[PDB]
Amino acid sequence: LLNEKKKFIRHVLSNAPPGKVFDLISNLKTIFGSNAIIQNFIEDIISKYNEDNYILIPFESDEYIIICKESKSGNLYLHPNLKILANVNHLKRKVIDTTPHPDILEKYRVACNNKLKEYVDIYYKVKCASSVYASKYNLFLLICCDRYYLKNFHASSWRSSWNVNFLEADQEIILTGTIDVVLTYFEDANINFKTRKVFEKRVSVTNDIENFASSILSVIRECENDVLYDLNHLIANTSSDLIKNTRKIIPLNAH
Amino acid sequence: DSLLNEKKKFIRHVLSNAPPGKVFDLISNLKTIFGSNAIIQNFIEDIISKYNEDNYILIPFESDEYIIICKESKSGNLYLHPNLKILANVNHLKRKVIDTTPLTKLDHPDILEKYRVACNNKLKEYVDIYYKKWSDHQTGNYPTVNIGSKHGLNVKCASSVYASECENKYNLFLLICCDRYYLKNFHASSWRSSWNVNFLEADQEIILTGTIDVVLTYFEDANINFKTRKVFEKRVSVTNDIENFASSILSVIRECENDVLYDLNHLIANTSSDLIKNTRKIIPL
Ligand SMILES: [Br-]
Ligand SMILES: [Br-]
Ligand SMILES: [Br-]
Ligand SMILES: [Br-]
Ligand SMILES: [Br-]
Ligand SMILES: [Br-]
Ligand SMILES: [Br-]
Ligand SMILES: [Br-]
Ligand SMILES: [Br-]
Ligand SMILES: [Br-]
Ligand SMILES: [Br-]
Ligand SMILES: [Br-]
Ligand SMILES: [Br-]
Ligand SMILES: [Br-]
Ligand SMILES: [Br-]
Ligand SMILES: [Br-]
Ligand SMILES: [Br-]
Ligand SMILES: [Br-]
Ligand SMILES: [Br-]
Ligand SMILES: [Br-]
Ligand SMILES: [Br-]
Ligand SMILES: [Br-]
Ligand SMILES: [Br-]
Ligand SMILES: [Br-]
Ligand SMILES: [Br-]
């Protein structure tokens, strides 16, 4: 019976629109606070969702932690610009503690980071994070942006994830990307959808560190204007079907 | 206790935010979890009855009749059907009639009832003349045969007029309802058109206030809750002739419903660039 309480908590999270998810969980623990069996079930479920979806967790003023597979370290999460691993609570979405590998990779990682921030800063400027992660050996660039119409009403989530792995170390590179976008209508929060665009582009670079970053950042800017074009024709298409189905509601014969 | 109030806050929040088409499923899941608790069974019943009243829900009555649930029909804990002269006891979770208490009929109706009867007849005629019938919900230029079981619409329509008397001032509430179903039981839309006039017999001018609510609730196989509303407030010239009074009110309703048709037929999709961030993806010209 206590087992049946678990399956429906999942269903509660399944279809709910994104802007509303935070609220419900907050109360779900308070609802089931004495049941440690479903409390551990909840801690498990939220960490996955939060990791699956690149949740932004704010730290101090003007920083963000990105919760995902790629930043996970043990059960903590890496912020590469600072040299810090963070312990977080997934339910509340806040940081609760902080405790701080080729030498050359780091400065390729950095240069991508700095031109990444410059790009987001001019054109994205609402929650907006950008970070570059480095790891048989590739670099990961990431822009996250959550827009709200007002207060807590979700307008969009933009997740743009880019990985490049090097055999040809200095002359030609492979850059793969995924842009995941979630949008909810202000007119109706039950009208919402997710779309995903994949890219696999080859880029020319030199032994120059920053041209390596600038060339990659030139590709992202263009791939992102591309997805955007697709999206604005998907919105208008949907909006237009909404109008068409709404006019079918009029019960009068149509003159 | 503290939890009882937090369980309520949660039940309220989920039923508040749920689109109409998920409410029933949502309630059922709430009962399995909290079903032994008669306080929250009753809390849920209260919340749903008010919800039902807020949405001019239709409950089928006998063959081909409907009770309409809303403030204006409320009588005690019952609901009036003004033409049959029946108070209906309803189950709000089940959306069914569970008892009826007939009113004693009057050999002679007083004058208010004569206004109500006249407004009732013109309201029904109006729907008859101007609302789509079966061949008009057809997806064709012309009325043809509907092909296959699944293909087609089920449409449920109801209208009613209610009368009350507040300190010798009269009041009439006129109401039209249509609900469209895809397949047979997927609720697609509601149309709710509601009209009040508060007036004296001697008045030659009345104020007719109205509200027209259009809600799309099925869209690309999802339950949604896309609402459009237009409110109206019209001065109408009338006389002591009761039937002409009904015709004048009905002429304004005819025009206001035409005005919404025009509005809906001139909505377009916004093609601004900031669409993702744009509060208005649907706009008029
Ligand atoms: Br939202
Ligand atoms: Br950042
Ligand atoms: Br954006
Ligand atoms: Br909404
Ligand atoms: Br209709
Ligand atoms: Br409450
Ligand atoms: Br309970
Ligand atoms: Br019955
Ligand atoms: Br009556
Ligand atoms: Br009636
Ligand atoms: Br029941
Ligand atoms: Br009866
Ligand atoms: Br009577
Ligand atoms: Br008449
Ligand atoms: Br009826
Ligand atoms: Br009718
Ligand atoms: Br549809
Ligand atoms: Br759905
Ligand atoms: Br309004
Ligand atoms: Br008006
Ligand atoms: Br108007
Ligand atoms: Br007169
Ligand atoms: Br008369
Ligand atoms: Br008019
Ligand atoms: Br028109």
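Structure determination for this entry is recorded as X-ray crystallography, at 2.22 Å resolution.

(A) A look at the overall build of chain A. A count of helical and extended segments in chain A gives five helices and 11 strands. The principal-axis extent of the C-alpha atoms belonging to chain A is close to 70 × 60 × 30 Å. Out of the 255 residues belonging to chain A, those deemed buried represent 45%. For chain A, the accessible surface area stands at approximately 13800 Å², while carbon and sulfur atoms represent 52% of it. The distance from the centre of the 32 positive side-chain charges to the centre of the 30 negative ones in chain A is 8 Å.

(B) Up close: the domain arrangement of chain A. Residue and element names in this part refer to chain A. Looking at the assigned domains, one finds that chain A contains domain 1 (3-99) and domain 2 (103-243). The partner domain 2 presents 25 residues to the 17 residues of domain 1 that form the contact. When the two sides are added together, the surface that domain 1 and domain 2 hide from each other amounts to roughly 1700 Å², 60% of it contributed by carbon and sulfur. Looking only at domain 1, the three residues that lose the most surface to domain 2 are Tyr54, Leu56 and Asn81, adding up to 29% of its buried area. The shortest N-O distance in the salt bridge between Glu106 and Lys83 comes to 3.4 Å. There are five residue pairs in polar contact connecting domain 1 and domain 2.

(C) Region of interest: the sheet that holds strand 3 (residues 74-75) of chain B. All names here are of chain B. An order of 3-4-5-6 is seen for the four strands of this open sheet, with the pairing classed as antiparallel. With partners counted over all chains shown, the strands left at the sheet margins are strand 3 and strand 6 (96-102), one partner each. Pairing of strand 4 (residues 78-81) with strand 5 (residues 86-91) involves three bridges; the strand directions are antiparallel. Bridge pairing in strand 5 links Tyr79 to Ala88.

(D) Main features of the sheet that holds strand 7 (residues 127-134) of chain A. Residue and element names in this part refer to chain A. Taken together, the five strands give an open sheet; going across it, the order is 7-8-9-10-11, and neighbouring strands pair in antiparallel fashion. Here the strands that pair on one side only, and so sit at the sheet edges, are strand 7 and strand 11 (192-204). In this sheet, adjacent strand axes meet at a mean angle of 10 degrees when their direction is disregarded. The pairing of strand 7 with strand 8 (residues 139-150) spans eight bridges and is antiparallel.

(E) Seen up close, the nonpolar core. One finds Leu242 of chain A together with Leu172, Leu174, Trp191, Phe245 and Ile249 of chain B to be the most contacted residues of the largest nonpolar core, which totals 56 residues. Of all the secondary structure elements, the ones that give two or more residues to this core are helix 5 (209-247) of chain A together with helix 4 (111-130), strand 8 (169-182), strand 9 (186-199), strand 10 (205-219), strand 11 (222-237) and helix 5 (242-265) of chain B. Tallying contributions element by element places helix 5 of chain B first for this core, with 11 residues. Excluding its chain neighbours within four sequence positions, the residues that come into contact with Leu174 of chain B are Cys119, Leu123, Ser160, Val161, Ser193, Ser194, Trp195, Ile249, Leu250 and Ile253 of chain B. Listed in part, the 32 residues of the second largest apolar core include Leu105, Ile143, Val219 and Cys223 of chain A.

(F) Structural context of the pairing of strand 4 (residues 76-79) of chain A. All names here are of chain A. Burial along strand 4 is one-sided: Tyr77 and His79 are buried, and none of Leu76 and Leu78, which face the opposite way, are. Where strand 3 (residues 72-73) lies against strand 4, two bridges are found, and the strand directions are antiparallel. In the strand pairing of strand 4, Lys72 is matched with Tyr77. Between strand 3 and strand 4, which follow one another and run antiparallel, lie two residues, and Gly74 among them has a positive phi close to 60 degrees. Across three bridges, the pairing between strand 4 and strand 5 (residues 84-89) is antiparallel. Looking across to strand 5, one finds that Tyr77 is bridged to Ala86. Here strand 4 hands over to strand 5 after four residues, the two strands then running antiparallel side by side.

(G) Structural context of unusual backbone geometry. The phi torsion at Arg93 of chain A lies on the positive side, around 60 degrees, for a residue other than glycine. Relative to the helices and strands, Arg93 of chain A is located in the loop between strand 5 and strand 6 (94-99). Look at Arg93 of chain A and you get partly exposed, because its relative accessible area is 22%. Despite not being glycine, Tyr56 of chain B has its phi angle at roughly 50 degrees, a positive value. Secondary-structure assignment places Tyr56 of chain B in the loop between helix 3 (38-54) and strand 1 (57-61).

(H) Structural context of empty space enclosed by the protein. Residue and element names in this part refer to chain A. When its volume is computed, the largest cavity comes out at roughly 60 Å³. Taken together, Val21, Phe22, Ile25, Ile46, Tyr49, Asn50, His90, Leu91 and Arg93 form the lining of the largest cavity. Secondary-structure elements contributing two or more residues to the lining of the largest cavity are helix 2 (21-31) and helix 3 (36-52). Its residues assigned to classes, the lining of the largest cavity comprises six nonpolar, two polar and one charged. A volume near 40 Å³ is recorded for the second largest cavity. Surrounding the second largest cavity, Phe59, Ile65, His79, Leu82, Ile84, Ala86 and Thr98 form its lining. Per-class residue counts for the lining of the second largest cavity are five nonpolar, two polar and no charged.

Parameters and conventions
- Residues numbered from 1 in each chain as written, not as in the entry; some residues may be left out.
- Chains lettered and ligands numbered in written order.
- Heavy atoms only, no water.
- Helix = DSSP H or I, 4+ residues; strand = E, 2+ residues; numbered from the N terminus.
- Buried < 20%, exposed > 50% of the residue type's maximum accessible area, 1.4 Å probe, protein only.
- Areas by Shrake-Rupley, 256 points an atom, 1.4 Å probe, with all protein chains shown as cover.
- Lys, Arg positive; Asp, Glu negative; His and termini not counted.
- Charge placed at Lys NZ, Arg CZ, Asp CG, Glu CD.
- Domains from an automatic or database assignment.
- Contact = heavy atoms within 4.5 Å.
- Buried area = accessible area lost by both parts, 1.4 Å probe.
- Salt bridge = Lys/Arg side-chain N within 4 Å of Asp/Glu carboxyl O.
- Polar contact = N/O pair within 3.5 Å; in protein donor to acceptor, adjacent residues only side chain to side chain.
- Pairing = 2+ DSSP bridges.
- Axes fitted to C-alpha atoms, helices over the stretch in contact; angles between N-to-C directions.
- Core = buried A, V, L, I, M, F, W, Y, C linked by side-chain atoms within 4.5 Å.
- 1 Å grid on protein atoms, 1.4 Å probe; cavity = no way out; pocket = protein on both sides within 12 Å on 5 of 7 lines; lining within 4 Å.
- Points joined across faces, edges and corners; volume = space filled by probe spheres on them.
- Nonpolar A, V, L, I, M, F, W, Y, C, P; charged D, E, K, R; others polar.

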